[PDB]
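A.B. asks: Chains as they are written, first to last, in the working numbering: chain A, 272 to 731; chain B, 272 to 731; chain C, 272 to 731; chain D, 272 to 731. Backbone N, C-alpha and C fix where the C-beta goes; we use that ideal spot for every residue, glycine too. Below are the structure tokens for one structure; questions will follow.
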Ligand SMILES: Nc1ncnc2c1ncn2[C@@H]1O[C@H](COP(=O)(O)OP(=O)(O)OC[C@H]2O[C@@H](O)[C@H](O)[C@@H]2O)[C@@H](O)[C@H]1OP(=O)(O)O
Ligand SMILES: Nc1ncnc2c1ncn2[C@@H]1O[C@H](COP(=O)(O)OP(=O)(O)OC[C@H]2O[C@@H](O)[C@H](O)[C@@H]2O)[C@@H](O)[C@H]1OP(=O)(O)O
Ligand SMILES: Nc1ncnc2c1ncn2[C@@H]1O[C@H](COP(=O)(O)OP(=O)(O)OC[C@H]2O[C@@H](O)[C@H](O)[C@@H]2O)[C@@H](O)[C@H]1OP(=O)(O)O
Ligand SMILES: Nc1ncnc2c1ncn2[C@@H]1O[C@H](COP(=O)(O)OP(=O)(O)OC[C@H]2O[C@@H](O)[C@H](O)[C@@H]2O)[C@@H](O)[C@H]1OP(=O)(O)O
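Printed below as a string of structure tokens:
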């Protein structure tokens, strides 16, 4: 197959999944699942399209649009849209492939997809973003729908963009339906959806801590290093603070902002809100680092990730982008006494990082190990609450915050227990060793999908 | 109308419904309902289509496909698919006609339909069945949909076939929706659906026994003769056993299997499971009769139905196919002390059988009479649970087994009460005589449809 | 296959076609065509539907509607609609099947179909026909279209009904297209379409006469017995007359009208016009009995067909309905010196008639033989000109009468030549024996369809 | 833009086009066409999809499907399907991009597209090819249509595959329309379409010879080296022979077959027909090279292209695949006295080859130069006759071979004159130098498209 193009991010995600499936008894019990893997890893459909749009000077601009409709055995295609200058097919295929198995772990009927554009929101006006969204949806519209494919946000796609997108879909298709999630509260949105992805990461990690320490420890007083400062990072940070943990770092594409006293100090909700308001306006953390409220409390490090700069730390939540924890950063976190690392970002750890965490787990009993959880497990609360938003739209009713948050909590608990239990069944660790959450989540997500595909005649 | 073709099964079903309407005060109170009967008896739509498919030898095969969309006043068309070499339009019209009034009895918004093919699954490989299902759905897809017509299983169509059909519908229409019921648990199925049809028959007969005996008797200690060994028979048998009854017979298309000691012995759940496994693989009961688990406990009667061979018996549940209880067999059951017979199978009793049971009811007070219930009442739990699978799919959530089962029980109790009360109203029996469940069920289903049709301007 | 219903008309048409293929070298050269025969003989799609409509007294009325979409390898389904109380699936299948092969002989891309209803236009008012057509098209519209299936008239369906049908399609679908043919001149009709079917029968027979006599005789001076008095009969009669022939009979469903002097007299165009006016009004030829201008010239025979009553005749054009020339009538025509018989009506001759004509052909050298042509050859001029109507509508232009007629003539000549040549090739007659136009037409049409089906993967 | 994947074939085609536009006065006259170039070079739409299909052993197989819908300003998307193991997005984008401008040069309303799969027909049975085509069209169907996108053949896609494709489209969409071209003669094909692509190459070269030699020379007695042995090569070879030229070579993916006497000998039509019959059966030229009819007349060279092996030659027609004339092969052809080289294959010459030809042209007056014509000009007769097939299907009529061939001839003449004249206007050569057909064809195709795009608001 030397005709196939090289897609490094997709191949990375595929290879890690495949390796975890091989390092188990799955293919001894079900060798025919190798056929399922070969089939599932070729997307059902991909749409690529030109997006021509007008800037504020009246000039023609051209960007590339995509929607990867990876798998639909379990439900309509489901997953976000990414507007970022790196975007290409390789990146969206990694994301879409991940999404299949992430969605499977929620328990809801959602197939996997992802899309977006190489349009860069940075440096654009709201008007330019509006015109781009209008043009983007003009083509995307014909390929999506409440029972076909339901997008949502991701990097570069917030409730603002989902609004422009929805309005254009409505205008084109003359239908008001759950074609997108992450919608506004008066026009079919769900309470808790803004909070859901980062809340879920934290909810998942609570279970990891409970399990590893037999209930002795929690987030109370733990030091948590977070990266990113967007939707996932913001609400992860807020949930950590609400549970009495201390957030010692955030970051953006230009640098890291770290409390000067990492043993005892934390970001506050007010500080997070200030950062969030910069981010609505597509500005950098660097802008506020000399204000009174920040200069004395924090150190800003241009060009650096937080991991080697936070001193001793208990929990790490990479929450920005793929491949943002290197192997060396992983070794630093281990040496700093970090015991829990969960991907808020999809494929947030490099392979070298994962290997370092999983070798540590295998070498250190119980609470002495660093325990690594993959994004398909930890990030799944976002998509789950999107599924609940679809359910609300279908019912034509709106649920309470308490009702949605309660379901979110149950879904994350189930997702942890499924990964744990599946790893115990198929990749039983040595006595006193924590089961691999990455292996278990991968096997659990995959076998659900492979079996539904078999039932539906996708492979035989 | 000598241009119309002779359609024996349909005419039989029509004539028995009509006769029961005539033998009542319905047409005295609402003589205009004769117009309704003339309209409702001509199907809204029927689609017939060639199905070309490839066998394992690479050879072209041809079969006939059908979908009868009989009536949609009360909801989208709803009803199963039959793959059996007998299939023709006459058979499918009888079935779809029955389905109108059966569905009306559930309380849910489901119109009447039925479809299938003369493709015979016996002697075919799973691969052959998969190719057949793919080709069948390639044409059927354009006629069905979650809000238009929702098929499901019946003779020769199980969850396996539903899977292949669903998978092809999704590939063709690029939509994941509740277009079929009987789906798999991970891809939109309902708990209790496998059990529902047989469980419902037995739930219905519980109310019959309770009423006729003023609560003195139940299924506990009763001897129950069942025919068939498929989905409806298997779970009717299992529920009888759970309730403390003894199942003395099952049968298939080649013979009956009867316990040697029909006074005291019963099939067990493990024996039912073994027969069920054979039926998944499309093999016959005959294969077992050698196994010492069976040879000493049971007698195999090839070419024979169970009714004359079970000795004294208390309940009969024909659960195979139409016209499987003859007049002679009805007299034998009456002579054998049988006091309850409900159709698990559609039109299970011949007209001569029904006429014997109803004459017996009219001549024998109370618990002395054999009480006959028609399939549109007793078999309604299966389609009812499919309406609930549709409800679950529309809500994008999955209910518990207890929730589905509780609803099933309530639906069967209401169906029984409606038939009873409607017979008391329109065909009031002599003092001490059990009301006619067949007349009552017929009137109750028919009036509901007729009135909805009038409201909707289908007749005036 | 004893599940299949008995369909006598269909079985008759299928058996005659099959017998002529077997009585030839076709299956020695292409034995694999037996598979094509088995596949082609099962219709691709059949739609049947209830038609509820209101009569002039405000009363609900119910009829049955049908559209048989038999084969589409060569083009969109094409063929007429019949409104006649005899209508059922058997009859419309015989018609649609024949249409496949008729259409194949035109050289145009037209697949085979036929439809209609058991609605009887006799005794109905024009308002009732309007209402019926409205209701009929309300369901038929979703199954038809300019590139899908293009109906037209037949028994009981004239330009009047085509108008009501077209208007309703336009109102429902909001499209103006060539969905029907036989349309009116100002709204997409074609010149020569009214005349085409009956003209084409006569044009076809001119070639048979030319061939039988090397051009020395023609219709000039010939005595021609016609049956029926509708669209086909009227224009066949008029063309005969134009060519210098004498039409000695016409007939309707109640009896025959025969010139008293069949050796020398003829219907005139004015007489045919008076008959045509009766038929527009759904009245019978029997009325003409009270008119001395008719009674002086003609004999009216209630309950009789013309064939045994015309004395010596040269050509017979059955032009009413199927199976209107019996074996005994065939023998009488032979004994009366008839040398040409062509079906204006589909399956106009009974099988006993066909066998008599074909035995005579085989036994009598040259112009001593009676020469029989089947409907699929001789009636093909109507559908041909409909294909030209479709061509005009797609062009968005209207052709002259001379242009259409010229094309019609070329089509009929090519049709005749194809049957003659294909018989010489596959069923070569003895020296001096006329080739079988029924065998040749059947092979020619069948091979064209079977080969196109093979190319398209309908069989292999 | 380092996010964009490397697509070598697409970049090669783009860069050559762009370079010819820069090496002219086009962007002095119309500098705003630079914006047009940036827009046009991003495809309007691309669809990629998984194709699962079954082999003759009943095994699941997976291939990748594509349709590049590049530009539609001038018409529906139009262009072939390639089934070859090299296929990927890069290759189909080169082809699709080329197609835009090729189609523009025909004068017909056809936008540019191309598609296909990495399915390899070699080693497959006809049945496997049938099943693959069925699966491929099952997804492709929803993206194409007679007024949206009309595919056809290319490498690995002949009339056989177009048949399976069409039959499945018809079955899915229930429409008979010009959704594909290269169809069979009885089911909407065009006479001359099989011959068109290679005939057109030769017709184009006739004009080149006429022009360069002021009418003194023709193909009569010229020695013509051809590569490939499929549809393009076969009919190019036949037209050369018909015009009295001598075909000294053909080739396939395994080797070249060259006459031993290249000064005086030639392939014959009979020999070409034998090669064509091998190629229908997916066999190699190597199979016949030792038969009596070939061993003595020809030399077979495994692993070699013909160019350096034919001795002195007058005309070269690469007719197999992209990049099949290297720079060294080009220098050899020049040294062998070759004066005309036209691409039957898309992008058949490497860049080094083109540069060698165009430097020779610029260095040598008139008939002393090797004159190079690009595939978008020389190969355009294939697509042109496809456009005529669309026109016939739209008209619902079939044209004569003479009528189609006459239009083909006029289109190729116009295409040569447009390239010639446009090169004279925008890239005027020095006195006595032949104008660049590659530059002129590129500018002519591009400006037509860019201006239609501007008119339609695609750029401004
Ligand atoms: N290539 C990159 N290199 C370094 N940092 C990156 C890169 N791309 C993004 N980020 C940061 O991550 C944050 C992204 O925030 P949002 O755009 O609001 O995205 P969201 O929070 O929804 O998603 C973050 C992660 O969570 C997953 O759901 C998603 O696929 C992704 O892996 C920002 O602080 C964003 O930085 P900034 O605020 O734009 O400077
Ligand atoms: N013509 C016939 N004569 C005698 N027995 C028949 C005939 N057709 C079928 N059966 C039997 O009935 C049973 C059918 O099982 P299933 O295919 O699983 O169908 P299901 O249990 O869903 O339906 C049974 C009846 O319950 C209704 O729902 C349905 O329309 C039908 O009247 C099998 O034991 C089946 O026999 P076998 O398992 O295929 O040998
Ligand atoms: N079952 C029958 N027995 C005897 N005669 C019949 C029967 N059914 C119909 N006819 C007559 O045939 C003639 C039918 O005329 P149209 O309704 O105008 O039909 P058209 O002339 O288009 O068709 C005649 C034949 O030519 C074929 O195109 C078509 O399928 C049929 O086999 C009328 O004189 C009509 O008689 P009347 O005008 O309805 O009494
Ligand atoms: N990668 C390759 N390397 C060397 N030779 C190649 C390669 N791929 C193809 N060919 C040859 O070219 C010929 C292709 O014939 P057809 O499949 O019938 O394609 P067609 O003649 O329609 O197209 C030839 C050229 O003309 C253009 O229309 C088209 O895009 C392509 O550039 C065969 O002799 C084919 O070889 P073979 O008959 O399969 O061994």
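#1: Helix, strand or coil for residue 334 of chain C, going by three-state DSSP, please let me know.
#2: Note down, in chain order, each residue of its chain lying with its Cβ closer than 8 Å to the Cβ of residue 569 of chain C, except the 5 sequence neighbours on either side.
#3: Taking Cβ to Cβ, would you say residue 428 of chain C is nearer than 8 Å to residue 501 of chain C?
#4: Taking only beta carbons into account, state which residues of the region 313 to 324 of chain A come closer than 8 Å to chain D, listed in chain order.
#5: Using a cut-off of 7 Å between C-beta atoms, extract the partners of residue 578 of chain A located in chain B.
#6: Residues in the region 519 to 537 of chain B with C-beta within 8 Å of chain C's C-beta atoms, listed in sequence order?
#7: DSSP beta-bridge partners for residue 444 of chain A?
#8: For a test of the three-state rule: what should DSSP assign to residue 664 of chain B, helix, strand or coil?
#9: Residues of the region 329 to 344 of chain D in Cβ contact with chain B at a cutoff of 9 Å, in chain order, please.
#10: Identify the contact partners of residue 309 of chain B in chain C, using a Cβ-Cβ distance below 7 Å as the criterion.
#11: Examine ligand 2 and report whether any of its heavy atoms sits within less than 7 Å of the Cβ of residue 592 of chain A.
#12: Could you give the residue range of the alpha helix (DSSP H) that holds residue 471 of chain C?
#13: What are the partner residues of residue 612 of chain D, as DSSP defines its beta bridges?
#14: My output table needs one value for residue 314 of chain A: the three-state DSSP class, helix, strand or coil.
#15: Can you give me, in chain order, the residues of the region 416 to 437 of chain A that have a beta carbon less than 9 Å from any beta carbon in chain B?
#16: Ligand 3 and residue 355 of chain C: does any heavy atom of the ligand fall closer than 7 Å to the residue's C-beta?
#17: CB of residue 550 of chain B to nearest heavy atom of ligand 2: below 7 Å?
#18: Kindly provide the ranges of any beta strand (DSSP E) runs that are 3 or more residues long and lie completely inside the region 506 to 568 of chain A, ordered along the chain.
#19: Give me, in chain order, the residues of the same chain whose beta-carbon lies closer than 6 Å to that of residue 408 of chain B; leave out the 5 immediate sequence neighbours on both sides.
#20: For residue 314 of chain D, count neighbouring C-beta atoms within 10 Å of its own C-beta (all shown protein chains included) and say buried if the count is 16 or more, exposed if not.
#21: Looking at chain B, which residues of the region 388 to 409 of chain D have a Cβ within less than 7 Å of any of its Cβ atoms?
#22: Use the C-beta contact count for residue 575 of chain D: other C-beta atoms within 10 angstroms, 16 or more gives buried, fewer gives exposed.
#23: Please list the terminal residues of the continuous alpha helix (DSSP H) segment that includes residue 354 of chain B.
#24: Is the distance from the Cβ of residue 423 of chain D to the Cβ of residue 449 of chain D below 8 Å?
#25: In chain D, which residues lie less than 9 Å from residue 359 of chain A when you measure between Cβ atoms?
C.D. replies: Based on what the coordinates show:
#1: Taking the first residue of the third chain as position 1, residue 334 of chain C is located at position 63. Reduced to three states, the DSSP call for residue 334 of chain C is strand.
#2: Locating residue 569 of chain C in the third chain gives position 298, where the first residue counts as 1. Around residue 569 of chain C: 528, 529, 530, 531, 559.
#3: To locate residue 428 of chain C, count along the third chain from 1; it is residue 157. To locate residue 501 of chain C, count along the third chain from 1; it is residue 230. Against a cut-off of 8 Å, the Cβ pair of residue 501 of chain C and residue 428 of chain C comes out as no contact.
#4: 313, 314, 315, 316, 317, 318, 319, 320, 321, 323
#5: Position 307 of the first chain, counted from the first residue, corresponds to residue 578 of chain A. Under the 7 Å cutoff, chain B gives no residues; its nearest Cβ is about 38 Å from residue 578 of chain A.
#6: none
#7: The residue given as residue 444 of chain A occupies position 173 in the first chain. For residue 444 of chain A, which the question treats as bridged, DSSP gives no partner whatsoever.
#8: By 1-based counting over the second chain, the position of residue 664 of chain B is 393. Reduced to three states, the DSSP call for residue 664 of chain B is helix.
#9: 329
#10: Here residue 309 of chain B refers to the residue found at position 38 of the second chain. Ordered by position in chain C, the residues that pass the 7 Å Cβ test against residue 309 of chain B are 333.
#11: Position 321 of the first chain, counted from the start, is the residue given in the question as residue 592 of chain A. Flag unset: Cβ of residue 592 of chain A not near ligand 2.
#12: Position 200 of the third chain, counting from 1, holds the residue named residue 471 of chain C. Unbroken alpha helix (DSSP H) run through residue 471 of chain C: 464 to 484.
#13: Residue numbering aside, residue 612 of chain D sits at position 341 when the fourth chain is read from its first letter. Per DSSP, D/587, D/643.
#14: One-based indexing of the first chain puts residue 314 of chain A at position 43. Of the three classes helix, strand and coil, the one that applies to residue 314 of chain A here is coil, per DSSP.
#15: Along the region 416 to 437 of chain A, going in chain order, the ones with a CB nearer than 9 Å to a CB of chain B are 416, 418, 419, 420.
#16: As a first step, residue 355 of chain C must be located in the third chain, where it is residue number 84. True, at least one ligand heavy atom lies under 7 Å from that Cβ.
#17: Here residue 550 of chain B is taken as the residue at index 279 of the second chain, counted from 1. Yes, ligand 2 has a heavy atom inside 7 Å of this Cβ.
#18: For the region 506 to 568 of chain A, whole beta strand (DSSP E) runs of length 3 or above, ordered along the chain, are 517 to 522, 526 to 530.
#19: Numbered from 1 along the second chain, position 137 holds the residue referred to as residue 408 of chain B. Cβ within range, chain order: 436, 439, 440.
#20: The sequence position of residue 314 of chain D within the fourth chain is 43, counting from 1. A buried status is given to residue 314 of chain D, since no fewer than 16 other beta-carbon atoms sit within 10 Å of its beta-carbon.
#21: 398, 409
#22: Taking the fourth chain and counting its residues from 1, one reaches residue 575 of chain D at position 304. The residue is exposed, with fewer than 16 neighbouring Cβ atoms inside 10 Å.
#23: Reading the second chain from its first residue, position 83 is the one you call residue 354 of chain B. Premise fails: residue 354 of chain B lies in the beta strand (DSSP E), 352 to 354, not in any alpha helix (DSSP H).
#24: Translated into positions along the fourth chain, residue 423 of chain D becomes position 152. Translated into positions along the fourth chain, residue 449 of chain D becomes position 178. With respect to residue 449 of chain D, residue 423 of chain D sits apart: the two C-beta atoms are not nearer than 8 Å.
#25: Taking the first chain and counting its residues from 1, one reaches residue 359 of chain A at position 88. Per Cβ cutoff of 9 Å: 274, 275, 276.
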